[PDB]
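K.L.:
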Amino acid sequence: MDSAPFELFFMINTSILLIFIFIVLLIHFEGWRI
Amino acid sequence: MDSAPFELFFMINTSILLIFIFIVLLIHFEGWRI
Amino acid sequence: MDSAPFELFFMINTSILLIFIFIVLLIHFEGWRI
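Protein chains in written order, with PDB author numbering: chain A, 1 to 34; chain C, 201 to 234; chain B, 101 to 134.
1. Please confirm whether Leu117 of chain B and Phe20 of chain A have their CB atoms less than 7 Å apart.
2. In chain B, which residues lie less than 7 Å from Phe20 of chain A when you measure between Cβ atoms?
3. If you follow the alpha helix (DSSP H) that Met101 of chain B is in, where does it begin and where does it stop?
4. Distance, Cα to Cα, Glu207 of chain C vs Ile127 of chain B?
5. Please report the distance separating the alpha-carbon of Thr14 of chain A from that of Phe229 of chain C.
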């Protein structure tokens, strides 16, 4: 009945996750299908 | 000889992952692959 | 002056991420670059 601490964890994570997830996807399509 | 606690870990993990993996992928293709 | 608990966090996190990131790249090269 409390998502105070869990929120931050999911927040900070989303950053590093989105960064790698997006970064990888970008390159993969930026010309990584040699 | 007990995978009670280990099960949940693998459950919540695969879930959160599959969510972002699919969700992020959907958007990236829905018009976010700039 | 203690990175005991912080280490695991960075470990489990990097792991799950590296897994999805690598896994994707693997397949793409395993025969998904049609």
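By construction, the Cβ of each residue, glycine as well, lies at the ideal position given by its N, Cα and C atoms.
P.N.:
Answer, in terms of the structure:
1. yes
2. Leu117 and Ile121
3. Segment: none, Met101 of chain B is in no alpha helix (DSSP H) and carries neither H nor E.
4. 26 Å
5. Going from the Cα of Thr14 of chain A to the Cα of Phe229 of chain C covers about 19 Å.
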